[PDB]
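Shown below: query16.cif, with mmCIF, N, CA, C and O atoms.
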data_work
loop_
_atom_site.label_atom_id
_atom_site.label_comp_id
_atom_site.auth_asym_id
_atom_site.auth_seq_id
_atom_site.Cartn_x
_atom_site.Cartn_y
_atom_site.Cartn_z
N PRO A 100 29.24 38.20 -69.22
CA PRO A 100 29.87 38.22 -67.89
C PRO A 100 29.43 37.05 -67.04
O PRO A 100 28.31 36.54 -67.16
N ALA A 101 30.32 36.62 -66.15
CA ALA A 101 30.09 35.42 -65.36
C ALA A 101 29.00 35.65 -64.33
O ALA A 101 28.38 36.72 -64.25
N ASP A 102 28.76 34.63 -63.52
CA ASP A 102 27.80 34.68 -62.44
C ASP A 102 28.51 34.40 -61.12
O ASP A 102 29.57 33.76 -61.09
N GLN A 103 27.95 34.88 -60.07
CA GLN A 103 28.53 34.63 -58.76
C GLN A 103 27.75 33.56 -58.02
O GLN A 103 26.54 33.40 -58.23
N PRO A 104 28.40 32.80 -57.15
CA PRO A 104 27.67 31.81 -56.36
C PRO A 104 26.80 32.47 -55.30
O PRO A 104 27.32 32.96 -54.30
N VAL A 105 25.49 32.49 -55.52
CA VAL A 105 24.60 33.12 -54.56
C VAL A 105 24.30 32.15 -53.43
O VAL A 105 24.55 30.95 -53.54
N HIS A 106 23.77 32.68 -52.33
CA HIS A 106 23.28 31.86 -51.23
C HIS A 106 22.29 32.69 -50.45
O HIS A 106 22.23 33.92 -50.58
N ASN A 107 21.50 32.01 -49.62
CA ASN A 107 20.46 32.65 -48.83
C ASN A 107 20.70 32.37 -47.35
O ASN A 107 21.58 31.60 -46.97
N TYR A 108 19.88 33.02 -46.52
CA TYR A 108 19.99 32.87 -45.08
C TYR A 108 18.60 32.75 -44.49
O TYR A 108 17.72 33.56 -44.79
N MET A 109 18.40 31.73 -43.66
CA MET A 109 17.09 31.43 -43.10
C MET A 109 17.15 31.46 -41.58
O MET A 109 18.09 30.94 -40.97
N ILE A 110 16.14 32.08 -40.98
CA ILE A 110 15.99 32.19 -39.54
C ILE A 110 14.72 31.46 -39.16
O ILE A 110 13.65 31.73 -39.72
N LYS A 111 14.82 30.53 -38.21
CA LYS A 111 13.68 29.75 -37.78
C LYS A 111 13.51 29.83 -36.27
O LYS A 111 14.47 30.04 -35.52
N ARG A 112 12.26 29.65 -35.82
CA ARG A 112 11.88 29.80 -34.42
C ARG A 112 11.54 28.45 -33.82
O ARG A 112 11.05 27.56 -34.51
N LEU A 113 11.80 28.30 -32.52
CA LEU A 113 11.53 27.07 -31.80
C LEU A 113 10.20 27.20 -31.05
O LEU A 113 10.10 27.96 -30.08
N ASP A 114 9.19 26.47 -31.50
CA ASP A 114 7.87 26.51 -30.89
C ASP A 114 7.80 25.47 -29.78
O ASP A 114 8.10 24.29 -30.00
N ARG A 115 7.39 25.90 -28.59
CA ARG A 115 7.47 25.09 -27.39
C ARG A 115 6.12 24.47 -27.04
O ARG A 115 5.09 25.15 -27.07
N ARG A 116 6.14 23.19 -26.70
CA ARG A 116 5.01 22.49 -26.13
C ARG A 116 5.52 21.63 -24.98
O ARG A 116 6.72 21.61 -24.69
N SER A 117 4.61 20.91 -24.34
CA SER A 117 4.98 20.02 -23.25
C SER A 117 3.87 19.01 -23.04
O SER A 117 2.69 19.35 -23.15
N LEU A 118 4.25 17.78 -22.75
CA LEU A 118 3.30 16.73 -22.44
C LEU A 118 3.39 16.35 -20.97
O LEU A 118 4.41 16.59 -20.32
N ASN A 119 2.32 15.75 -20.46
CA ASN A 119 2.31 15.30 -19.08
C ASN A 119 1.44 14.07 -18.96
O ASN A 119 0.52 13.85 -19.75
N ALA A 120 1.77 13.23 -17.98
CA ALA A 120 0.97 12.07 -17.62
C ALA A 120 1.09 11.87 -16.12
O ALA A 120 1.96 12.43 -15.46
N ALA A 121 0.19 11.05 -15.57
CA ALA A 121 0.16 10.88 -14.13
C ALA A 121 -0.42 9.53 -13.78
O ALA A 121 -1.11 8.89 -14.58
N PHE A 122 -0.13 9.10 -12.56
CA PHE A 122 -0.71 7.91 -11.96
C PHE A 122 -0.96 8.22 -10.49
O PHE A 122 -0.94 9.38 -10.07
N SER A 123 -1.19 7.18 -9.69
CA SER A 123 -1.38 7.36 -8.26
C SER A 123 -0.86 6.14 -7.53
O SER A 123 -0.16 5.30 -8.10
N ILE A 124 -1.22 6.04 -6.26
CA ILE A 124 -0.85 4.90 -5.43
C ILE A 124 -1.73 4.95 -4.19
O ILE A 124 -2.05 6.03 -3.68
N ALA A 125 -2.13 3.77 -3.70
CA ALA A 125 -3.14 3.68 -2.66
C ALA A 125 -2.52 3.75 -1.27
O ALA A 125 -1.50 3.12 -1.01
N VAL A 126 -3.16 4.52 -0.39
CA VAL A 126 -2.61 4.76 0.94
C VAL A 126 -2.38 3.45 1.68
O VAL A 126 -1.47 3.35 2.52
N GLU A 127 -3.17 2.43 1.38
CA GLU A 127 -3.01 1.16 2.08
C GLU A 127 -1.72 0.47 1.67
O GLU A 127 -1.09 -0.21 2.48
N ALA A 128 -1.28 0.66 0.43
CA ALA A 128 -0.07 0.04 -0.08
C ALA A 128 1.14 0.96 -0.04
O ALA A 128 2.14 0.68 -0.70
N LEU A 129 1.07 2.06 0.71
CA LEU A 129 2.22 2.96 0.81
C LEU A 129 3.27 2.38 1.75
O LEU A 129 4.39 2.05 1.33
N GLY A 130 2.93 2.24 3.03
CA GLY A 130 3.87 1.75 4.02
C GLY A 130 4.24 0.30 3.85
O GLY A 130 5.20 -0.15 4.49
N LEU A 131 3.51 -0.43 3.02
CA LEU A 131 3.87 -1.82 2.74
C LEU A 131 5.18 -1.92 1.97
O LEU A 131 5.86 -2.94 2.06
N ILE A 132 5.57 -0.86 1.26
CA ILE A 132 6.74 -0.92 0.39
C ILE A 132 7.97 -0.38 1.10
O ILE A 132 8.94 -1.10 1.32
N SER A 133 7.93 0.90 1.48
CA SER A 133 9.10 1.53 2.07
C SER A 133 9.21 1.28 3.56
O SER A 133 10.28 1.47 4.14
N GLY A 134 8.12 0.87 4.21
CA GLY A 134 8.12 0.68 5.65
C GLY A 134 9.10 -0.37 6.12
O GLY A 134 8.94 -1.56 5.81
N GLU A 135 10.12 0.06 6.86
CA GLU A 135 11.14 -0.85 7.37
C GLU A 135 10.78 -1.42 8.73
O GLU A 135 11.68 -1.87 9.46
N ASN A 136 9.50 -1.40 9.10
CA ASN A 136 9.08 -2.01 10.36
C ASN A 136 8.93 -3.52 10.24
O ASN A 136 9.10 -4.23 11.23
N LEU A 137 8.62 -4.01 9.04
CA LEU A 137 8.40 -5.44 8.82
C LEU A 137 9.72 -6.18 9.00
O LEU A 137 10.64 -6.04 8.20
N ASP A 138 9.81 -6.98 10.07
CA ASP A 138 11.11 -7.52 10.47
C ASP A 138 11.48 -8.80 9.73
O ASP A 138 12.44 -8.82 8.95
N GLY A 139 10.72 -9.88 9.94
CA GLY A 139 11.24 -11.18 9.57
C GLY A 139 10.57 -11.95 8.45
O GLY A 139 11.25 -12.66 7.70
N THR A 140 9.25 -11.84 8.31
CA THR A 140 8.53 -12.66 7.36
C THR A 140 7.73 -11.86 6.35
O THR A 140 7.60 -12.30 5.20
N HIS A 141 7.20 -10.70 6.73
CA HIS A 141 6.47 -9.87 5.78
C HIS A 141 7.36 -9.26 4.71
O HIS A 141 6.84 -8.77 3.70
N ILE A 142 8.69 -9.27 4.89
CA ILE A 142 9.57 -8.74 3.86
C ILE A 142 9.59 -9.61 2.62
O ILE A 142 10.00 -9.14 1.55
N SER A 143 9.18 -10.87 2.73
CA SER A 143 9.11 -11.78 1.60
C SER A 143 7.71 -12.37 1.44
O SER A 143 7.55 -13.48 0.93
N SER A 144 6.69 -11.64 1.88
CA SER A 144 5.32 -12.11 1.78
C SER A 144 4.88 -12.12 0.32
O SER A 144 5.65 -11.80 -0.60
N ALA A 145 3.63 -12.50 0.09
CA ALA A 145 3.08 -12.48 -1.26
C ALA A 145 2.46 -11.13 -1.60
O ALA A 145 2.58 -10.67 -2.74
N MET A 146 1.80 -10.48 -0.64
CA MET A 146 1.20 -9.18 -0.92
C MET A 146 2.25 -8.11 -1.17
O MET A 146 1.99 -7.16 -1.93
N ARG A 147 3.43 -8.22 -0.55
CA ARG A 147 4.47 -7.25 -0.86
C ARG A 147 4.93 -7.37 -2.30
O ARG A 147 5.03 -6.37 -3.01
N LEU A 148 5.20 -8.60 -2.74
CA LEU A 148 5.47 -8.86 -4.15
C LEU A 148 4.37 -8.28 -5.02
O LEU A 148 4.65 -7.62 -6.04
N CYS B 51 3.28 23.71 36.84
CA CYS B 51 2.96 22.95 35.64
C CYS B 51 2.14 21.71 36.00
O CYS B 51 1.76 21.49 37.16
N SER B 52 1.86 20.88 35.00
CA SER B 52 1.03 19.69 35.18
C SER B 52 1.56 18.58 34.28
O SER B 52 1.61 18.75 33.06
N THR B 53 1.94 17.46 34.88
CA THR B 53 2.41 16.33 34.11
C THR B 53 1.23 15.62 33.45
O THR B 53 0.07 15.96 33.66
N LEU B 54 1.54 14.60 32.65
CA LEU B 54 0.53 13.76 32.01
C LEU B 54 0.86 12.31 32.36
O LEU B 54 1.75 11.71 31.76
N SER B 55 0.13 11.75 33.32
CA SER B 55 0.35 10.38 33.76
C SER B 55 -0.19 9.44 32.69
O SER B 55 -1.40 9.21 32.60
N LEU B 56 0.70 8.89 31.87
CA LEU B 56 0.28 7.99 30.81
C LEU B 56 -0.18 6.66 31.40
O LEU B 56 0.17 6.30 32.53
N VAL B 57 -0.96 5.93 30.62
CA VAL B 57 -1.49 4.63 31.02
C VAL B 57 -1.15 3.62 29.94
O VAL B 57 -1.25 3.91 28.74
N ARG B 58 -0.73 2.43 30.36
CA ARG B 58 -0.47 1.32 29.46
C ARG B 58 -1.69 0.41 29.41
O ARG B 58 -2.31 0.14 30.44
N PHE B 59 -2.04 -0.05 28.21
CA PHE B 59 -3.23 -0.87 28.08
C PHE B 59 -3.02 -2.25 28.67
O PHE B 59 -3.86 -2.75 29.43
N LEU B 60 -1.91 -2.90 28.33
CA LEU B 60 -1.68 -4.26 28.79
C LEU B 60 -1.66 -4.34 30.31
O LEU B 60 -2.14 -5.32 30.88
N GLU B 61 -1.13 -3.32 30.98
CA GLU B 61 -1.07 -3.35 32.43
C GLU B 61 -2.43 -3.14 33.09
O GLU B 61 -2.51 -3.23 34.32
N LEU B 62 -3.48 -2.90 32.32
CA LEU B 62 -4.82 -2.76 32.89
C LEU B 62 -5.32 -4.14 33.29
O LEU B 62 -4.60 -5.14 33.26
N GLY B 63 -6.59 -4.21 33.69
CA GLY B 63 -7.20 -5.48 34.00
C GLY B 63 -8.02 -6.00 32.83
O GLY B 63 -8.07 -7.21 32.59
N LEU B 64 -8.65 -5.08 32.10
CA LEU B 64 -9.49 -5.46 30.97
C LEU B 64 -8.73 -6.29 29.93
O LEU B 64 -9.36 -7.06 29.20
N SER B 65 -7.41 -6.15 29.87
CA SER B 65 -6.62 -6.83 28.85
C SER B 65 -6.93 -8.32 28.77
O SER B 65 -6.82 -8.92 27.70
N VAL B 66 -7.33 -8.92 29.90
CA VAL B 66 -7.63 -10.34 29.91
C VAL B 66 -8.80 -10.68 29.00
O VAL B 66 -8.92 -11.83 28.57
N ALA B 67 -9.66 -9.72 28.68
CA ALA B 67 -10.85 -10.04 27.91
C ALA B 67 -10.51 -10.45 26.48
O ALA B 67 -10.93 -11.51 26.01
N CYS B 68 -9.74 -9.63 25.78
CA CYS B 68 -9.44 -9.84 24.38
C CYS B 68 -7.96 -10.12 24.19
O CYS B 68 -7.12 -9.71 25.00
N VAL B 69 -7.64 -10.81 23.10
CA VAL B 69 -6.26 -11.06 22.71
C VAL B 69 -5.89 -10.08 21.62
O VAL B 69 -6.63 -9.90 20.64
N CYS B 70 -4.77 -9.40 21.80
CA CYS B 70 -4.33 -8.34 20.90
C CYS B 70 -3.05 -8.80 20.21
O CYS B 70 -2.05 -9.07 20.88
N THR B 71 -3.08 -8.89 18.88
CA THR B 71 -1.92 -9.32 18.12
C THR B 71 -1.66 -8.36 16.97
O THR B 71 -2.59 -7.98 16.26
N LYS B 72 -0.40 -7.99 16.79
CA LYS B 72 -0.02 -6.95 15.84
C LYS B 72 0.04 -7.54 14.44
O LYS B 72 1.01 -8.21 14.08
N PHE B 73 -1.00 -7.28 13.65
CA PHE B 73 -1.02 -7.69 12.25
C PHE B 73 -0.75 -6.48 11.39
O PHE B 73 -1.59 -5.57 11.30
N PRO B 74 0.41 -6.40 10.73
CA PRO B 74 0.80 -5.12 10.12
C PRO B 74 0.06 -4.80 8.84
O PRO B 74 -0.28 -3.63 8.61
N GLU B 75 -0.20 -5.78 7.98
CA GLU B 75 -0.73 -5.52 6.65
C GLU B 75 -2.24 -5.54 6.59
O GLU B 75 -2.80 -5.64 5.49
N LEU B 76 -2.92 -5.46 7.74
CA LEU B 76 -4.38 -5.54 7.73
C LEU B 76 -4.99 -4.47 6.83
O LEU B 76 -5.91 -4.75 6.06
N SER B 77 -4.47 -3.24 6.91
CA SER B 77 -5.05 -2.14 6.15
C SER B 77 -5.06 -2.43 4.66
O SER B 77 -5.90 -1.91 3.93
N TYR B 78 -4.14 -3.27 4.19
CA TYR B 78 -4.10 -3.64 2.79
C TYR B 78 -5.01 -4.84 2.49
O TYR B 78 -5.82 -4.79 1.57
N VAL B 79 -4.87 -5.91 3.27
CA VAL B 79 -5.61 -7.15 3.00
C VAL B 79 -7.04 -7.10 3.49
O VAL B 79 -7.78 -8.08 3.29
N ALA B 80 -7.47 -6.01 4.11
CA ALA B 80 -8.85 -5.94 4.56
C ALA B 80 -9.83 -5.70 3.43
O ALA B 80 -11.04 -5.62 3.69
N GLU B 81 -9.35 -5.58 2.19
CA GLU B 81 -10.23 -5.25 1.07
C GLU B 81 -11.29 -6.31 0.84
O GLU B 81 -12.34 -6.00 0.26
N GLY B 82 -11.05 -7.55 1.26
CA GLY B 82 -12.04 -8.59 1.13
C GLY B 82 -12.50 -9.13 2.46
O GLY B 82 -12.50 -8.41 3.47
N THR B 83 -12.90 -10.39 2.49
CA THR B 83 -13.30 -11.07 3.71
C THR B 83 -12.25 -12.12 4.08
O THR B 83 -11.40 -12.49 3.27
N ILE B 84 -12.32 -12.59 5.32
CA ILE B 84 -11.44 -13.63 5.82
C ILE B 84 -12.21 -14.92 6.10
O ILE B 84 -11.79 -16.00 5.70
N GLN B 85 -13.35 -14.80 6.78
CA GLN B 85 -14.41 -15.81 6.73
C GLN B 85 -13.92 -17.18 7.20
O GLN B 85 -13.80 -18.13 6.43
N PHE B 86 -13.63 -17.25 8.50
CA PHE B 86 -13.35 -18.52 9.15
C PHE B 86 -14.48 -18.88 10.09
O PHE B 86 -14.90 -18.06 10.91
N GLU B 87 -14.98 -20.11 9.97
CA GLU B 87 -15.94 -20.66 10.91
C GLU B 87 -15.20 -21.25 12.11
O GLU B 87 -13.97 -21.35 12.12
N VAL B 88 -15.95 -21.67 13.13
CA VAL B 88 -15.29 -22.17 14.33
C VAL B 88 -15.56 -23.65 14.56
O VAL B 88 -14.66 -24.48 14.40
N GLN B 89 -16.81 -23.99 14.88
CA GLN B 89 -17.12 -25.35 15.34
C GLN B 89 -18.59 -25.53 15.67
O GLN B 89 -19.37 -24.57 15.60
N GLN B 90 -18.98 -26.76 16.01
CA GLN B 90 -20.16 -27.06 16.81
C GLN B 90 -20.10 -28.51 17.24
O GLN B 90 -19.89 -29.40 16.40
N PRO B 91 -20.28 -28.82 18.52
CA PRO B 91 -20.34 -30.21 18.96
C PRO B 91 -21.67 -30.84 18.57
O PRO B 91 -22.63 -30.16 18.23
N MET B 92 -21.71 -32.17 18.63
CA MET B 92 -22.92 -32.89 18.28
C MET B 92 -22.98 -34.21 19.04
O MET B 92 -22.00 -34.96 19.06
N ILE B 93 -24.13 -34.48 19.65
CA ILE B 93 -24.33 -35.70 20.43
C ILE B 93 -24.64 -36.84 19.48
O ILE B 93 -25.39 -36.68 18.51
N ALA B 94 -24.08 -38.01 19.77
CA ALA B 94 -24.33 -39.20 18.96
C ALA B 94 -25.63 -39.83 19.45
O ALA B 94 -25.64 -40.64 20.37
N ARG B 95 -26.74 -39.44 18.84
CA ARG B 95 -28.02 -40.02 19.19
C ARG B 95 -28.16 -41.41 18.59
O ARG B 95 -27.63 -41.70 17.52
N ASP B 96 -28.88 -42.28 19.30
CA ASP B 96 -29.17 -43.59 18.75
C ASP B 96 -30.16 -43.47 17.59
O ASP B 96 -30.72 -42.40 17.32
N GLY B 97 -30.37 -44.57 16.89
CA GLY B 97 -31.19 -44.54 15.70
C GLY B 97 -30.41 -43.97 14.53
O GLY B 97 -29.65 -43.01 14.67
N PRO B 98 -30.60 -44.55 13.34
CA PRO B 98 -29.74 -44.20 12.21
C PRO B 98 -30.07 -42.82 11.66
O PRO B 98 -31.23 -42.53 11.34
N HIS B 99 -29.05 -41.98 11.55
CA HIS B 99 -29.24 -40.67 10.95
C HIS B 99 -29.53 -40.84 9.47
O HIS B 99 -28.86 -41.63 8.80
#
Hey, can you dump this file as structure tokens for me?
Amino acid sequence: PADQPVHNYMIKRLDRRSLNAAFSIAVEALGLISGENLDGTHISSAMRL
Amino acid sequence: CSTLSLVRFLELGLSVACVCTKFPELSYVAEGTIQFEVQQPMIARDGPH
């Protein structure tokens, strides 16, 4: 007698992890970037760059 | 009630003592020194230095 085409069934689980990294920024160089008070020359200074 | 009579610094008399100039990035560039000398006069004495 013949044979039948067998097959199997597999169930797998998703194992969860997570990575993280961080940096900072100095309070002295905070307002130097976003601060829109600098009118005419500090907007193209060297320390801003 | 009671108001708060504000005072302006420039309109005082003491303002004549010091010169006040708005330097915005001091908090950042103060990390080092600035180190400017001023002067000294000297009399031309006879006899070869």
* Point-to-point distance from atom CA of residue A:142 to atom CA of residue B:71, Å rounded to tenths ->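 So the two atoms, atom CA of residue A:142 and atom CA of residue B:71, lie 18.3 Å apart.
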* Asked: Once the PyMOL selection byres ((chain B) within 8 of (chain A)) has been applied to the shown file, what residues remain in the selection, as a VMD selection string?
  -> chain B and resid 74 to 79
* Do you have the atom C of residue B:92-atom C of residue B:67 distance handy? ->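 Answer for the atom C of residue B:92 to atom C of residue B:67 separation: 27.8 Å.
We find atom N of residue A:120 and atom C of residue A:134 to be spaced 28.6 Å apart.
In the backbone-derived DSSP annotation, alpha helix (DSSP H) within stretch 103-137 of chain A comprises residues 130, 131, 132 and 133 of chain A.
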